[PDB]
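1. This one is an experimental structure. Sequence first:
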Amino acid sequence: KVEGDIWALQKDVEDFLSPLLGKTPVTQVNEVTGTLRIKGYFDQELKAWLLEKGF
Amino acid sequence: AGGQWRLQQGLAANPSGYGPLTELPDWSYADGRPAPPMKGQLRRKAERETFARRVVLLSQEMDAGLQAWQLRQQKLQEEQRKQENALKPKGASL
Amino acid sequence: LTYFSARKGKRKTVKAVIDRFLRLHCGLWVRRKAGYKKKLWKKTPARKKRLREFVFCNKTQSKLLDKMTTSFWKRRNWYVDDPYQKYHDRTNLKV
Amino acid sequence: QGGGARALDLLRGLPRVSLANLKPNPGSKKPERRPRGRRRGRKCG
Amino acid sequence: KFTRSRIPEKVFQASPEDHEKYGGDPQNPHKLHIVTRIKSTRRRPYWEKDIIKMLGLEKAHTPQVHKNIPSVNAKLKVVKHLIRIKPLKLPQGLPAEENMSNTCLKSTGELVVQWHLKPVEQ
Amino acid sequence: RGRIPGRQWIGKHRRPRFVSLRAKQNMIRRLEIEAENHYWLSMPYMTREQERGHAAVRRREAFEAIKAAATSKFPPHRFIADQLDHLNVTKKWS
RNA sequence: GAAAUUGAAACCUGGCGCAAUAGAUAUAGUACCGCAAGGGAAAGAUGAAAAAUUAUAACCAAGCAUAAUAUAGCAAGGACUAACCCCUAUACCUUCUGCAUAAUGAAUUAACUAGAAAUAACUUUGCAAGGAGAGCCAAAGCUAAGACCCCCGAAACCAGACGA
RNA sequence: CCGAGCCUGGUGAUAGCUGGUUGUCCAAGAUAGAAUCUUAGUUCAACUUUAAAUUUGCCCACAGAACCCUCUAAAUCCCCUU
RNA sequence: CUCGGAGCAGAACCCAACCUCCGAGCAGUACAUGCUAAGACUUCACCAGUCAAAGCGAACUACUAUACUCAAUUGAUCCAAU
Ligand SMILES: [K+]
Ligand SMILES: [K+]
Ligand SMILES: [K+]
Ligand SMILES: [K+]
Ligand SMILES: [K+]
Ligand SMILES: [K+]
Ligand SMILES: [K+]
Ligand SMILES: [K+]
Ligand SMILES: [K+]
Ligand SMILES: [Mg+2]
Ligand SMILES: [Mg+2]
Ligand SMILES: [Mg+2]
Ligand SMILES: [Mg+2]
Ligand SMILES: [Mg+2]
Ligand SMILES: [Mg+2]
Ligand SMILES: [Mg+2]
Ligand SMILES: [Mg+2]
Ligand SMILES: [Mg+2]
Ligand SMILES: [Mg+2]
Ligand SMILES: [Mg+2]
Ligand SMILES: [Mg+2]
Ligand SMILES: [Mg+2]
Ligand SMILES: [Mg+2]
Ligand SMILES: [Mg+2]
Ligand SMILES: [Mg+2]
Ligand SMILES: [Mg+2]
Ligand SMILES: [Mg+2]
Ligand SMILES: [Mg+2]
Ligand SMILES: [Mg+2]
Ligand SMILES: [Mg+2]
Ligand SMILES: [Mg+2]
Ligand SMILES: [Mg+2]
Ligand SMILES: [Mg+2]
Ligand SMILES: [Mg+2]
Ligand SMILES: [Mg+2]
Ligand SMILES: [Mg+2]
Ligand SMILES: [Mg+2]
Ligand SMILES: [Mg+2]
Ligand SMILES: [Mg+2]
Ligand SMILES: [Mg+2]
């Protein structure tokens, strides 16, 4: 359910998850469906991260 | 024919190998402007460069490894000297 | 195995598997050792204890029994005071 | 906001959507294999 | 039964006569090898096929440089009958960054850092 | 009238095979090459103790690249433009 | 392989059916075959007008004819001024450890003649601790779609008829 | 055309057996055994294929792996480095 | 026709022949050969088989006492008896 510039979301996600993983995460951007797919389990980290952002 | 003779002269056994007959450009523009390099020569130039860099990389690793081993031997010798010092002996010898 | 029944057109369950094996919802199958009630007088207590154990099945046997049973036996059950309730889910499993 | 506005105004300059230019999403229609040809014929797997 | 072959260490002990024949200097051993495969790996046991791949000798008559160290030499001793081993010579020393693109490996085992494709004026 | 029983090159009775002059020379030529290989394997540049660990850093980094490429597999990105460009199949002149 | 229980829709005149080896066997259960029960075909093609019949041109399989043949060889290839002469080359399918094999099938042409589907899993959408247009599944699941499973052949067995 | 008629039906009987199995192109690909009225077949391993996860795999330095016994075998296992 | 030892198969494992040899289908002593539980082995799959620290409960301060001696010394499911 991502609207607008999904590529902006990917850079923010990569910046946020880089310290935790120690490397750039492997992500897939689906412009058609507005879906960002990330390798690994980061649901709890991203839910709090998106909640802080105001979403 | 003549492969062994070419080796004795320091040349490639196959005349199509390294040399002016192969590596030089086959043609140039009539006004004198040089032609673009042949695709075969570009492949050989890149392949030779990788071989040259591999020679340097192997040489530097062995040089670095020899220094590291020599550094360890020097360090091992120094450690023996320090342990010699201790408290002055006493008893019968005093 | 009956892949398409003659009256309903549905896959049937081999009831021999049900009477012998228990499928944990995690995908594992639990069975009893063969001959654990046979000739106990000639078997050492160390051997007899191993026969009384409830062991798991390997990937091939577990996959075989999945094909021989319908989706009814793979559903999640909430039996009251189920002895095997704690074994229906995996913990700290990697890969 | 390059996801919503950009995906629509780009559609303005494209030909009208009709029944003659509809395709399934890639990867959603796996090709059908038939026992024809040298590869999948003969003993047919 | 056909098994792997244990080569005695006496085979790899150079006599003074050998040094004069091949010109090598035991006190200054060559740093690098020039290994070229001149024999096919077919009709040879699989362990010889694997070692050829490890040494990067898949294509015959393609020179490959390897370090003259006991571990590398151990692999060479297994497939010594399939390869030609020559010492790498550096008449002008190791190539530098300036002359990396002007190097050539001659048939004599010498790596020349300058390659002008011109006859000598001498 | 002179026939080999069974197949020629297999069995208890075989067709005799003889070594020609050039057959010997070819074997001797390859024997000389291997003899020179024995000489060049008799002079290692470093001992086993000196060699140890001199290339561990590069070998470890080489395998980390293999691990990185192995764990980087993922479906490629999907773009709206690629899906929308399929409408051009019915583009016509006005 | 149930049952209790549950409980919906229902406007004939349509076709991502066949088009003369197809679609019924069918132009017909006729011709023909059998004592009988029974088995069971093949095919037609002008045009607005035949009360326009010197009409409706032509080109297309195998088979021939126009037009037999010239050293030598899986009949071809490389070629060549030149068809051949020169050089190179042990048909195909099946079956096998292995087939030019003197193992199998095939005169040839046209038409017909042989991969059907669950269980999960994967891939791509939807929605999401929910999914699904009552049922079912669910400790990221669930719903929907795509995608995998041939042809011919016995000697027999049984039931009911028809035959001295 | 009788070691037991013929016709129809069950019937598209069944066949671990034989034969056949239709467009183009590319890629990976030859594999210890065990059980079986089983060795003309199957199932499980092994091998092979695809997708996926993440981490060592192969080649191998010392050190190390038995007495009894006639061949005091070629070698193997283990194994950092590379 | 199943099981075990030895040679073939000399040194980790494995390895066939209607190959060369010898055996097994028990016996004896206990009556904690009670219970339970880390980590392992495994007859090339599976089934089956094998070894086990700690702990509970015993034994025990004499008892090479703590999963008997022994090489094989054996038979799945269904079913039947209780
Ligand atoms: K095929
Ligand atoms: K193939
Ligand atoms: K012979
Ligand atoms: K055939
Ligand atoms: K046959
Ligand atoms: K023959
Ligand atoms: K034959
Ligand atoms: K025949
Ligand atoms: K069979
Ligand atoms: Mg064919
Ligand atoms: Mg003969
Ligand atoms: Mg008809
Ligand atoms: Mg009619
Ligand atoms: Mg014709
Ligand atoms: Mg000829
Ligand atoms: Mg010929
Ligand atoms: Mg045969
Ligand atoms: Mg042949
Ligand atoms: Mg003939
Ligand atoms: Mg034939
Ligand atoms: Mg035959
Ligand atoms: Mg015919
Ligand atoms: Mg199917
Ligand atoms: Mg399917
Ligand atoms: Mg037939
Ligand atoms: Mg009967
Ligand atoms: Mg009857
Ligand atoms: Mg009469
Ligand atoms: Mg009769
Ligand atoms: Mg059949
Ligand atoms: Mg049969
Ligand atoms: Mg291939
Ligand atoms: Mg039996
Ligand atoms: Mg078999
Ligand atoms: Mg190994
Ligand atoms: Mg290692
Ligand atoms: Mg032995
Ligand atoms: Mg082995
Ligand atoms: Mg095992
Ligand atoms: Mg204890």
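-> Happy to help now that I have it. Residues are numbered from 1 along each chain as shown, chains lettered A, B, ... in the order given. Ligands and ions are numbered 1, 2, ... in the order given.

2. and the closest residue to chain D within chain E, how many residues sit next to it?
-> Among all residues of chain E, residue E:42 sits closest to chain D, at 28.5 Å; criterion: Cβ to the nearest Cβ. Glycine gets a C-beta too; all of them are placed from N, C-alpha and C. If you count neighbours by other Cβ atoms under 10 Å in any protein chain shown, residue E:42 ends up with 6.

3. Can you classify it as helix, strand or coil?
-> Recorded secondary structure, residue E:42: coil (DSSP: H, G, I helix; E, B strand; the rest coil).

4. if I look at it, how far off is residue E:4?
-> Separation of residue E:42 from residue E:4 (Cβ to Cβ, to the nearest Å): 18 Å.

5. With residue C:33 instead?
-> 45 Å.

6. and the two? which has more neighbours close in?
-> Taking other Cβ under 10 Å, residue C:33 and residue E:4 do not tie; residue C:33 has more neighbours (14 against 8).

7. My read is that that one contacts residue C:49, right?
-> No - with contact defined as Cβ atoms under 8 Å, residue C:33 does not count as touching residue C:49 (10.2 Å).

8. in chain E, which residue is closest to the centre?
-> Of all residues in chain E, the one closest to the mean position by Cα atoms, centre = their mean is residue E:34, 2.5 Å from it.

9. who does that residue bridge with?
-> Per DSSP bridges, the residues bridged to residue E:34 are residue E:65, residue E:86.

10. quick one: contacts for the nearest residue to residue F:73 once chain neighbours are set aside?
-> The shortest distance from residue F:73 to any non-neighbouring residue, by Cβ to Cβ, 6 or more residues apart in numbering or on different chains, is to residue A:26 (7.9 Å). With contact taken as Cβ atoms under 8 Å, 6 or more residues apart in numbering or on different chains, residue A:26 is in contact with A:38-39, F:71-74.

11. ok, residues contacting the longest helix seen in chain A?
-> If you go by DSSP state H, chain A has its longest helix at helix A:6-21. For helix A:6-21, the external contacting residues (Cβ under 8 Å, 6+ apart) are A:2, A:24-25, A:27, A:29-31, A:34, A:36, A:38, A:40, A:42, A:45-46, A:49, D:2-3.

12. buried subset of the residues you listed?
-> Neighbour counting by 16 or more other Cβ atoms under 10 Å in any protein chain shown classes A:2, A:25, A:27, A:29-31, A:34, A:36, A:38, A:42, D:3 among the contacts of helix A:6-21 as buried.

13. Show me those that map onto strands.
-> In strands, defined here by DSSP state E, the members of these are A:27, A:29-30, A:36, A:38.

14. quick one: which of those residues is nearest chain B?
-> Of all those, chain B sits closest to residue A:27, with 33.9 Å by Cβ to the nearest Cβ.

15. how about the residues of chain F near chain B?
-> Counting by Cβ under 8 Å from any Cβ of the partner chain, chain F comes close to chain B at F:45-46, F:49-51, F:53-55, F:58.

16. can you redo these as TSV with neighbour count, secondary structure and distance to chain D?
-> As requested, the residues of chain F next to chain B are arranged in TSV below (neighbours: other Cβ atoms under 10 Å in any protein chain shown; DSSP: H, G, I helix; E, B strand; the rest coil; distance: Cβ to the nearest Cβ, whole Å):
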residue	neighbour count	secondary structure	distance to chain D
F:45	20	coil	54
F:46	20	coil	55
F:49	11	helix	57
F:50	20	helix	56
F:51	20	helix	51
F:53	12	coil	49
F:54	20	coil	49
F:55	19	coil	44
F:58	11	helix	40
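
17. So which residues on chain D come close to RNA strand G?
-> With Cβ under 7 Å from any atom of the strand as the criterion, chain D comes near RNA strand G at residues D:25-35, D:42-44.

18. thought residue D:34 was touching residue D:40?
-> Yes - here residue D:34 reaches residue D:40: they are 6.6 Å apart, a contact under Cβ under 8 Å.

19. ok, the two, which is more surrounded?
-> residue D:40 (12 against 9).

20. how close does the more buried one get to chain B?
-> Applying Cβ to the nearest Cβ, to the nearest Å, the value for residue D:40 to chain B is 39 Å.

21. Now do the same contact list for that residue.
-> With contacts defined as Cβ under 8 Å, 6+ apart, residue D:40 is in contact with D:33-34.

22. that older thread, quickly name whichever of the residues of chain F next to chain B is closest to chain A.
-> Within those, proximity to chain A (Cβ to the nearest Cβ) peaks at residue F:58, which comes in at 20.4 Å.

23. how about the strands of chain E, start to end?
-> So, for chain E - with DSSP E - the strands run E:32-37, E:64-67, E:83-87, E:104-105, E:111-112.

24. Residue C:35 - how many residues pack around it?
-> Per other Cβ under 10 Å, the neighbour tally for residue C:35 reads 10.

25. For it, list the residues it contacts.
-> Applying Cβ under 8 Å, 6+ apart to residue C:35 gives the contacts residue C:51.

26. tell me the secondary structure for it?
-> Under three-state DSSP, residue C:35 comes out as coil.

27. quick one: the helices in chain C?
-> Using DSSP H, the helices of chain C run over C:15-18, C:45-51, C:59-67.

28. hang on, I meant chain B
-> B:3-8, B:20-23, B:39-84.

29. For chain C, which residue gets nearest to chain A?
-> Relative to chain A, the nearest point of chain C is residue C:94 (11.8 Å; Cβ to the nearest Cβ).

30. if I look at that residue, how far off is residue A:26?
-> Taking Cβ to Cβ, one finds residue C:94 at 18 Å from residue A:26.

31. Residue E:38 now?
-> In terms of Cβ to Cβ, residue E:38 sits 45 Å off from residue A:26.

32. With only the CA atoms kept, save whatever helix or strand residue D:38 lives in in CSV.
-> Assigned by DSSP states H and E, residue D:38 falls within helix D:37-40. Extracted in CSV, the C-alpha atoms of helix D:37-40 (Å, rounded to 0.1, in the frame of the first residue of the first chain):
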residue,chain,number,x,y,z
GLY,D,37,9.5,-31.7,-31.5
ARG,D,38,12.9,-33.2,-30.9
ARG,D,39,13.2,-32.1,-27.3
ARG,D,40,9.8,-33.1,-25.8
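
33. quick one on the thing from earlier: of the buried ones among the contacts of helix A:6-21, list those near chain F.
-> Among the buried ones among the contacts of helix A:6-21, the residues within reach of chain F (Cβ under 8 Å from any Cβ) are A:27, A:29-31.

34. Residue E:69: neighbouring residues, count only.
-> Per other Cβ under 10 Å, the neighbour tally for residue E:69 reads 25.

35. which non-adjacent residue is nearest it?
-> Here the residue nearest residue E:69, using Cβ to Cβ, 6+ apart, is residue F:51, at 4.7 Å.

36. how about that neighbour, what does it touch?
-> Residue F:51 makes contact with B:65, E:69-71, according to Cβ under 8 Å, 6+ apart.
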